[PDB]
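Encoded as structure tokens, the following chain is the form deposited in one PDB entry, with no partner shown.
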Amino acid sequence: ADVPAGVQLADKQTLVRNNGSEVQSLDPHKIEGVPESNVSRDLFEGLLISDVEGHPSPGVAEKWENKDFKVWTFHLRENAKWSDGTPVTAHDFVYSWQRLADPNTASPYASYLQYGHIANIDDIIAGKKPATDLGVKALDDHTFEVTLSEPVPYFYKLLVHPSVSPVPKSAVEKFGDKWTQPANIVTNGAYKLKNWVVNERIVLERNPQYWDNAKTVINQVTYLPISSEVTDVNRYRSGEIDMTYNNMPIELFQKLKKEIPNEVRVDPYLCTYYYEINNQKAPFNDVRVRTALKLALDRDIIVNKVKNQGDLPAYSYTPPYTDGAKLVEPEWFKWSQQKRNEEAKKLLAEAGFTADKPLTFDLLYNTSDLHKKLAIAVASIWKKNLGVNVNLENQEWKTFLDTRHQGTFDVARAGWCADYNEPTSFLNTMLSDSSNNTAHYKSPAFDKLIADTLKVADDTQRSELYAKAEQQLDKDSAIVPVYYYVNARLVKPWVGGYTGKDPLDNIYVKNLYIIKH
């Protein structure tokens, strides 16, 4: 943390943050969500990290170079250490990235190494080559070298993500799935795991072995798993919680902005809210059905009337303000909702649906006051505008993610937030073979458009190809875009260091501090 001259620090430097739900895991190769990543950043540190405003900056790697954007060499700082005092080396990274690639690990982020194009990854994921053939090597204890199969100018931006953080081989091998228990875990970020009570709390304490430990201010941070946004706000206002999670309750938001305006932080966020259609399941394998659902949803009502927190109506998957996005707004987005509804009803009529044999399916969402209110609104809109019936179903966060991976669903609410600020952070997740593809969408034309983006060595051709990739996704109605998120949360006046400038919201508790109050 960089405490400004003249600020007086509180005697007790502890922080309590709400974190939305119980995490899937603390193992960096088994996680895929925001709640998980929030804790991961305080515990595991990769080659690069985001600074307080979001810029890619030195992590374990203090400096790096590239040859032709294809061979990347990372010089690791000599004092990087794990919490047990052992050095962090390039061998930790070789083992870690191989473990991420290995199909036996079944990482939901195994495809992250395809997004960076590390050599031999396709073959490794397919089981044709062992994970030890991955294009990584330790040239020495402090030098990690990555070889890509084609030039990737933005490759280093990918490296702040939890999937490419190191994991401690000896703990993994000795304890298997219990390596992340407090008595067994070993970490290399600014914090160490002190306590982990499922469905109650996660408590982290400063890691004195962290190389940048002299600059860490917060000595302990607790992450809570509260999925009720009302309860989160209530426990913030009662004094228990210093930072809420960033899901705000429809019941209280407008009142909160009038009551404690300086605490309500609302900033740009590179996430898209959408309804994920299971593309492989009848009748959702019919484009007419997907298009109908997409069109009949009234984004103005959802965004301006039901949520009303500053989000923007969406007509794409990639947010239009992503660095490198120059998207073309489809004509259907400029039609009236009435015209959208007529087109929707006609397509369902064409698809074989009638008043007597209507379209009925499930709408799955992770337990939440906000997502339940949004799902109820969407259900009513779809009923009214299109004559479709939906059965709402809630599931705890971890189970919800697994259901979508299993494809044991019809439609599900969903949010994707960038991992790196570049359109492929979104678009690569719709590739046929992507491990993050829970839409179960498979388009050879879409796959080709993205594949062509690294075959050109020009930004304008790349941007035009992303725009066309979004047009292919839209033409196929792979998803139902709802809105581009704003990042809205409550933050006590005494929490310093949170700028709100990072559009990815990659917060590190090592960068915060408690002002005397």
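Basically, rigid core = biggest C-alpha set you can superpose within 1.5 Å across the two forms. Residues that one form lacks are left out of the comparison. All residue numbers are counted from 1 along the displayed sequence.
Per-stretch averaging of Cα B factors for 244 to 252 and 340 to 348 places 340 to 348 on top. Of the two segments examined, 189 to 197 and 352 to 360, it is 352 to 360 that shows the higher average Cα temperature factor in the deposited entry. The top Cα temperature factor in the record, among 332, 115, 210, 420, falls on 332. Looking only at 393, 229, 276, 259, the residue with the top Cα B factor in the deposited structure is 259. Split the chain's modelled residues into thirds by C-alpha temperature factor. Residue 505 is in the lowest one.
For residue 9, the recorded CA temperature factor ranks within the highest third of the chain's modelled residues. Sort the chain's modelled residues by C-alpha temperature factor and residue 463 lands in the highest third, per the entry. Among the modelled residues of its chain, residue 161 has a C-alpha B-factor that falls in the lowest third according to the deposited record. In this PDB entry, residue 302 carries a Cα temperature factor that places it within the highest third of its chain's modelled residues.
If you look for the form deposited in another entry, you will not find it shown, but the lines that follow are about it.
Shift analysis on the rigid core between the shown form and the other one singles out 288 from 142, 288, 157, 237 (C-alpha displacement of 2 Å or more). Under a 2 Å criterion for C-alpha shift, the consecutive stretches of 3+ residues that differ between the shown form and the other one after core superposition lie at 272 to 308, 310 to 416, 426 to 484.
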